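# Architecture at a glance
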Amino acid sequence: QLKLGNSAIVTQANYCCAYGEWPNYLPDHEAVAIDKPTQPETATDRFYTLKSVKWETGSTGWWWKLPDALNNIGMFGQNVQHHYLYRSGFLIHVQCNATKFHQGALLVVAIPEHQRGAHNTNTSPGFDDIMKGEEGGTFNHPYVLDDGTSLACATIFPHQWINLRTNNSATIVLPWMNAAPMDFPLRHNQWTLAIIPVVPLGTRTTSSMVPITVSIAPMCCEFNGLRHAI
Amino acid sequence: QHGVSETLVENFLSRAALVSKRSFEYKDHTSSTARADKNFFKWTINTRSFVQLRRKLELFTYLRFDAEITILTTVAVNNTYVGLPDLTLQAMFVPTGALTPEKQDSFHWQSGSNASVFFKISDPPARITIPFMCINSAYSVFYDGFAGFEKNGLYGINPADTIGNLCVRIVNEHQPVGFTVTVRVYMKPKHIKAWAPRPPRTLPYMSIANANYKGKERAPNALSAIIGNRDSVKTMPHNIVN
Amino acid sequence: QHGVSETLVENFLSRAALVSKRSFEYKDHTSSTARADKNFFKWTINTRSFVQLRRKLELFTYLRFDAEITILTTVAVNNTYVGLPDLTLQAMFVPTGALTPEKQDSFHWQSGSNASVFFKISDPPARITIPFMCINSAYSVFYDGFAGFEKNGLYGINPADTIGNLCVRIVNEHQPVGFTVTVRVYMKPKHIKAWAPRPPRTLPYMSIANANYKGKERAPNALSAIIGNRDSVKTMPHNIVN
Amino acid sequence: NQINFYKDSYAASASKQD
Amino acid sequence: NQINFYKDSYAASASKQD
Amino acid sequence: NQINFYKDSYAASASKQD
Amino acid sequence: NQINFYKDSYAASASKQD
Amino acid sequence: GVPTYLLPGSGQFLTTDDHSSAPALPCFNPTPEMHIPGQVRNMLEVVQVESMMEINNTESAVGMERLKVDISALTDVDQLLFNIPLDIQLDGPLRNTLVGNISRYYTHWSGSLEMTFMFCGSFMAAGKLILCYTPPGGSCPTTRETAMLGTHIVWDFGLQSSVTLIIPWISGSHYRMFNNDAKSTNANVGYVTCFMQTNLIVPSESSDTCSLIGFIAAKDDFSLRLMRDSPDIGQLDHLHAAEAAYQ
Amino acid sequence: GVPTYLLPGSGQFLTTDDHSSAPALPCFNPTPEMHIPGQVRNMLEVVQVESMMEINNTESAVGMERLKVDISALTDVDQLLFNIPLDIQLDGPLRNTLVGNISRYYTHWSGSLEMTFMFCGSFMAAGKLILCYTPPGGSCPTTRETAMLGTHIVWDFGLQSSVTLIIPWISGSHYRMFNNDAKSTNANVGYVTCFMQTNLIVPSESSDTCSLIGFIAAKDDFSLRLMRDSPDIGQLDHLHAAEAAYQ
Amino acid sequence: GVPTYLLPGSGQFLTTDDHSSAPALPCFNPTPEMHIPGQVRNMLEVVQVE
Amino acid sequence: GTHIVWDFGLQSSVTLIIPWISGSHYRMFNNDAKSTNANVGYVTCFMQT
């Protein structure tokens, strides 16, 4: 069982310490700001469940940039808008299940600093193409991870596989991944949960609208620079 | 019992690779255009202008290196030929966004606080060591986010990742014939601590400001086909036939 | 846990900054004027000709440094172009008010007791160390008072603050074409003990002999308005708008 | 190579010792 | 930097030790 | 000759000691 | 200055030690 | 002899190097070090001394009126008096300060700030202010209810005629850059605003137009690095009598 | 002074040298090392992470169909499904891998490989495969009786949905070169083929077109030397806005 | 060999320097120091005479 | 609120602990179902997937 705060997920499991690191608070020797950062423990360190996305046949992929998925949800989103800095890990739990007759594979992969690229133009992606919010995004070209890199080498990143034969869940436990100890949440996204149909959904049974539900629990949230909300 | 010391990231990335190259004219610039280099050039020091060092440094998300800038100046003549001059060059290091000079003989080249280096062509190349100057603890090679607090900022360009400006001029005055002075800058990153390895970029680069992609028209390194095609999955291309 | 070692005054002021620059001709001076440099120039060594090192050294009232004079000589040609010559230069250090030479080939350049330095253009630049030569225990950067016992003395100019004369000539004779030989002197103060810090000068300089002020016509750095204006005291110029 | 006659610690050679 | 092969004490490098 | 200021062992002089 | 790599004692620097 | 070879970087005159060089005057005996008062071993000692802010950097504030801020008796409630652009590196009320003129010799800076607001009304003048520090990200707060959510201090004109508004060091990065972009995350500092906590209340014989002088210093944790030339000075020609140093 | 003489090799800028050089910014205090996750001290740590093979590098396999291999229910006996060109250094299904993109920065390589074949059928899909590794010298084996004489592993789609096909390091030389000759003794690696051990047997409600994802990693004995530039990237002109870094 | 680099101030003939230089006449035996009266080790000894 | 996410995999049952969250020590009965002393909360159930 993954019980964070008042949230819980009864699991049956195989998680992923991303880069071997567990989310912890900022140590006082690596601390930078002179004031003590607030730590809203049970109010933010809990499973924030996003919308479910329809895992279809002609699906390309889905990406949620963090904490851009969570800047407007619950007491994490209220702490984000009221504090200039933050430092949070993440415990992404991705729920996707089907019958024992469905086939399919998910590369649930969490990408640190997913600088996207637009296709067939020299113009950089704008604000509206990157900061999609809680709705997330959709890969235009998942085979190259929308930045000219390769999907084949995307397993160098913290990843878990939802093979609908074997397992029905992916748990990636992300630490604070930034060059800076804290950062401004409304203009930067350290991680990016990329969920990608490497093997598409296929079956011969009656068609069910199979979704992929995403529960993202922030972990060890610090916040600093308290002011009015935006 | 094989040594693995050549694949060290301190050995992998510390190749003094070409990062800048301008053949700029050296003549009477009293009648030249405004875009042309009037015996000086600024260069915002980035790792991205040349795709071979860029793809090596884009293997990682965060890099902490000390740029060892080596400036190779070489000279050619633009009817008759005469001897090549021993030109003295200044390469003043200006920080990111600070005042870069607008002339050759402007009073910004006095270097009252900026780091300059006065070198000649016939000397060995000017090798300086620019330190790790990021305000963060590593260079965000890929920066998912925006710099400004408003919504007009450039995506991917963190100014903390930006090294600075390398304003290079020729200290000599104009001479009665025109020379073409090509300045090649070779940055060797050193004392390298590399974090979070990434997929190597397969598609060719489009711009230095971002990670846009187009791919080749056909395989290999195309968008729909990175690896070059073969006949079937059961067809061996380089099969031995005896 | 941040290092404060870059703001040390030994690090702050020890930038080899441009203190002198003369492009003087190098030709047959049998028909030139009296004011023009006939293959030599004297320079009363002062920190004040270039405003970037001056404002740094005018941050303090009293400075005790060792001037590390680096002399960068560079050469250009005044119709046809030929090869640049390897000219030998003498830079004889004459004290304040002593006999400076009146010719190129005068018998004051024999340097029977004066410190000279014989250097070439194709060499590395001539770097000498002129010591702390004030008769007082520090250079009065600002000298509130007068030098002479009579009432005709110059205000602010203490001759104890004055380093000396840097008489620089070209050791070669005249050649059948005219060259323009620009001599740039770079003084790096070192072993610096700095006393009594002062307000940094905001208004632009007028003369090197004093601290006269005019200011810009408008803000910023104007007389009635040093800092550039805004709308009201409750108006934020660089305000975030979202 | 142990030659570093500069006063700055970053000015040394590439620390290829691993 | 400890290289001072001159007989004069002022001829040394900039004493940036603080 | 014992002068080898390089970090590589093959970069030394010709080992003519026999 | 103690650098005298010549075999002659007069070839040294100016003995300004007093 | 000694088998040598010239490295790249030979014969180049780097201006910021550190090398022993040939003394021009041998066996020179310098003047003995007499103890002069007020030695500065480190430029942060110059920075930590508090110096006046030009908050009144407006038109029709000629000369010395720019240092003071004329606050008055206000018939409304909770009004805005002044706001301070906090870019140390950029142009604004902090440029002509000891914390600002020395920091424009640098690019990256750290540490806290220390605003002292000195009230220069009569002794009979009584009132209160609130000095809100707003960390950046949003707009400059205009109403009082918006800005007291930040780091404020509430200050009486009673026995207290001065304050110490510690602007805390709140930044994600270790340092803060200078750019021509004042709205960057790496460059923007925040906003200090000042509101009538209550009012300025003076009797019939005290002048109602009371003035605030605002100081700014640094703290012990202040730091500066990546030195650059000052944009506060610059010449387009030679100065006067600069030829007379040669003639 | 010191009697020296310049050796051959003086004043030449060798790009891969190792020399202390003149610092531009003296007494610089760098940013303190904050602990960032996932440090790579050695590029073989990047190589040993398993990454997908593009075995389906055919025409009419557009984009993401190239990673998977569609195996089906076969009415014949002991049929060939796919074979893998094992040239790490050369173009083929191993080029766009972590073991392949990093090794194309090198010329000589050692050590074993590690193929993981991940089956992506239904849970009701049962069957068996055989993963024959054939050391080189001969043709690519096409019938099953020819290739099981090599290094094979027989794999069920029961509880096992993945494997570890250790391609053993079998070479006469210590390392293996890169050339434009793919059939050299120093360059050729071998052949991994895959055969129906039994069949793919699915029920009426499971999709028959089941897919295999094939990984490849390295082992602890893997090694790379004689570094060269990557042929996987290359520019013919300057990139876009490369002039804007100067302007 | 020894990796060197020329500083600024290389090859300049400063007249008041202090360096050991190449002897023209090797294994020269100078004339032995005979005690001559009135040696001046310091020019202030010349100055202090009225 | 206080949720639990439950699979129909090996798990065919749960234990949704409704926690005791009340200001008072106890909770009354009235004919007012919307009182602070009487109302308990709301258990809802959604399709997770």
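Calculation criteria
Residues numbered from 1 in each chain as written, not as in the entry; some residues may be left out. Chains lettered and ligands numbered in written order. Part of a larger assembly, values for the part shown. Heavy atoms only, no water. Helix = DSSP H or I, 4+ residues; strand = E, 2+ residues; numbered from the N terminus. Buried < 20%, exposed > 50% of the residue type's maximum accessible area, 1.4 Å probe, protein only. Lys, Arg positive; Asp, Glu negative; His and termini not counted. Charge placed at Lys NZ, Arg CZ, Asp CG, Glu CD. Contact = heavy atoms within 4.5 Å. Buried area = accessible area lost by both parts, 1.4 Å probe. Salt bridge = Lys/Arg side-chain N within 4 Å of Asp/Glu carboxyl O. Polar contact = N/O pair within 3.5 Å; in protein donor to acceptor, adjacent residues only side chain to side chain. Nonpolar A, V, L, I, M, F, W, Y, C, P; charged D, E, K, R; others polar. Pairing = 2+ DSSP bridges. Axes fitted to C-alpha atoms, helices over the stretch in contact; angles between N-to-C directions. Patch = residues over 30% accessible without salt bridge, like charges linked within 9 Å, V, L, I, M, F, W, Y side chains within 5 Å. Areas by Shrake-Rupley, 256 points an atom, 1.4 Å probe, with all protein chains shown as cover. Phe/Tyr/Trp six-rings, centres within 6.5 Å; stacked < 30°, edge-to-face > 60°. 1 Å grid on protein atoms, 1.4 Å probe; cavity = no way out; pocket = protein on both sides within 12 Å on 5 of 7 lines; lining within 4 Å. Points joined across faces, edges and corners; volume = space filled by probe spheres on them. Core = buried A, V, L, I, M, F, W, Y, C linked by side-chain atoms within 4.5 Å.

### Section: the overall build of chain B
From N to C terminus, chain B includes two helices and nine strands. The N-to-C order of helical and strand elements in chain B reads α-β-β-α-β-β-β-β-β-β-β. Summarising its shape, the C-alpha atoms of chain B cover approximately 70 × 50 × 45 Å along the three principal directions. Across the 242 residues of chain B, 70% fall into the buried class. Computing the positive centroid from 28 side-chain charges and the negative centroid from 18, chain B places the two 7 Å apart.

### A short note on the interface of chain B and chain I
Counting from both sides, the interface comprises 86 residues of chain B and, opposite them, 87 residues of chain I. Between chain B and chain I, roughly 7,400 Å² of surface is buried when both sides are summed, and carbon and sulfur atoms account for 56% of that area. At the junction of chain B and chain I, the tally comes to four salt bridges. We note a salt bridge from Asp232(I) to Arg55(B), for which the minimum N-O separation is 3.9 Å. There are 48 residue pairs in polar contact connecting chain B and chain I. Mapped by element, the contributors of at least two residues to the side of chain B that touches chain I are α1 (9-12), β1 (17-26), α2 (51-57), β3 (60-77), β6 (126-129) and β9 (179-197) of chain B. Top contributing element to the side of chain B that touches chain I by residue count: β9(B), with eight residues. Here the side of chain B that touches chain I is built from residues that sort into 43 nonpolar, 24 polar and 19 charged.

### Looking at the sheet that holds strand β10 (residues 154-156) of chain I
Residues and elements named next belong to chain I. Within the open sheet, the four strands sit side by side as β6-β12-β9-β10. Their pairing is antiparallel. Since the sheet does not close on itself, it has two edges, and those belong to β6 (80-85) and β10, each with one partner. Averaged over all adjacent pairs, the angle separating strand axes in this sheet is 20 degrees, with direction ignored. Across three bridges, the pairing between strand β9 (residues 126-134) and β10 is antiparallel.

### With respect to a nonpolar patch on the surface
A cluster of nonpolar side chains, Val40(J), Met43(J), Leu44(J), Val46(J) and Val47(J), forms an exposed patch at the surface whose accessible area comes to about 480 Å². Within the element layout of this structure, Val40(J) appears in the loop between β2 (13-14) and α1 (44-47).

### Some details on the sheet that holds strand β7 (residues 103-110) of chain A
Residues and elements named next belong to chain A. The strand order across the open sheet built from four strands is β5-β10-β7-β8, with neighbouring strands paired in antiparallel fashion. Single-partner strands in this sheet number two, and they are β5 (62-66) and β8 (159-163). Averaged over all neighbouring strand pairs, the angle between strand axes comes to 15 degrees, with direction disregarded. As paired elements, β5 and strand β10 (residues 191-202) share five bridges and run antiparallel to each other. Looking at the pairing, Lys65 lines up with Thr192 of β10.

### Some remarks on the packing of aromatic side chains
To describe a pair of aromatic rings, one takes the distance between the centres and the angle between the planes. Going through the model one piece at a time under the given rule, you end up with 50 aromatic pairs over all chains. Judged by centre distance (5.8 Å) and plane angle (25 degrees), the rings of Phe118(B) and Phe13(H) are stacked. Of this pair, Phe118(B) sits in strand β5 (residues 117-120) while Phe13(H) is found in strand β2 (residues 13-14), placing the two residues in two different chains. Ring centres of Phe118(C) and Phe13(J) lie 5.7 Å apart, and the angle between their planes is 25 degrees; this geometry places the pair in the stacked category. With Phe118(C) in strand β5 (residues 117-120) and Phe13(J) in strand β2, this residue pair bridges two chains. Since its relative accessible area comes to 49%, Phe13(J) is described here as partly exposed. Site record: aromatic cluster; members linked through ring pairs are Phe24(B), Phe41(B), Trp43(B) and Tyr246(I).

### Some thoughts on the side chain of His83(A)
Residues and elements named next belong to chain A. Here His83 is to be found in strand β6 (residues 83-95). What makes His83 buried here is its relative accessible area of 7%. Apart from the residues within four sequence positions on either side, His83 is in contact with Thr38, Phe223, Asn224, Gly225, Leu226 and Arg227.

### Details of empty space enclosed by the protein
There is about 130 Å³ of room inside the largest cavity. Taken together, 16 residues form the lining of the largest cavity, with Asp183(A), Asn136(B), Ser173(H), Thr185(H) and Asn186(H) sitting closest to its centre. Within the lining of the largest cavity, the residues separate by chemical class into six nonpolar, nine polar and one charged. As for the second largest cavity, its lining consists of 13 residues, and the residues nearest its centre are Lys7(D), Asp8(D), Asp18(H), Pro23(I) and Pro26(I).

### A short note on the pairing of strand β7 (residues 80-85) of chain H
Residue and element names in this part refer to chain H. Here β7 lies mainly inside the structure; six of its six residues are buried. With five bridges connecting them, β7 and strand β13 (residues 191-201) associate as antiparallel partners. Of the residues in β13, the one forming a bridge with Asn83 is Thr193.

### So, the layout of surface pockets
Taken as a whole, the second largest pocket spans an internal volume of roughly 1,700 Å³. Taken together, 43 residues form the lining of the second largest pocket, with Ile3(E), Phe5(E), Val2(I), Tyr5(J) and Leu7(J) sitting closest to its centre. Elements supplying a minimum of two residues to the lining of the second largest pocket: β1 (2-6) of chain H, β1 (4-6) of chain I together with β1 (2-4) and β2 of chain J. Its residues placed into classes, the lining of the second largest pocket shows 23 nonpolar, 18 polar and two charged.

### Here's the deal with the nonpolar core
Membership of the largest hydrophobic core comes to 318 residues, with the highest contact counts inside it found for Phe117(H) and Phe117(I). The leading source of residues in this core is β9(B), at nine residues. Aside from chain neighbours lying at most four places away, what touches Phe117(I) is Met53(I), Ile55(I), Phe82(I), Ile84(I), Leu131(I), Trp155(I), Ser161(I), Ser162(I), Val163(I), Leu165(I), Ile213(I) and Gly214(I).

### Section: the pattern of salt bridges
Scanning the entire structure with this criterion turns up 41 salt bridges over all chains. Between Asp18(I) and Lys7(F) there is a salt bridge whose closest N-O contact spans 3.8 Å. For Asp18(I), a relative accessible area of 10% gives the class buried. In the salt-bridge network here, residues are joined through shared partners; they are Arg55(B), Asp91(I), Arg95(I), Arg104(I) and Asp232(I).

### Considerations on the arrangement of the chains
What separates chain C from chain G at the closest point of their C-alpha atoms is a distance of 15 Å, and the two make no contact. Structurally, chain H and chain K remain out of contact, their C-alpha atoms never closer than 27 Å.

### A word on helix α2 (residues 74-82) of chain A
Within α2(A), the full set of buried residues consists of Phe76(A), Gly77(A), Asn79(A), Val80(A) and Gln81(A). As for α2(A), its buried residues are in contact with α1 (41-44), β3 (48-49), β6 and β11 (211-226) of chain A.

### Some thoughts on the environment of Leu89(B)
Residues and elements named next belong to chain B. Among the structural elements, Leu89 can be located in strand β4 (residues 88-94). Given the relative accessible area of 0%, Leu89 is considered buried. Along the primary structure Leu89 and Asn172 are separated by 83 residues, whereas in three dimensions their C-alpha atoms are 7.7 Å apart. In contact with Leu89, other than residues within four places in its own chain, are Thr73, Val117, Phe118, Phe119, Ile121, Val168, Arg169, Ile170, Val171 and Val183.

### Some details on unusual backbone geometry
Following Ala219(B), the chain continues into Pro220(B) via a peptide bond in cis, with omega recorded as 5 degrees. With a phi angle near 55 degrees, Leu145(A) is a residue other than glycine that sits in the positive phi range. Along the chain, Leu145(A) turns up in the loop between β7 and β8. If you check the backbone angles, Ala241(H) has positive phi at about 60 degrees while not being a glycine. Note on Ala241(H): relative accessible area 27%, which makes it partly exposed.

Shape is all these values report; function is a separate question.
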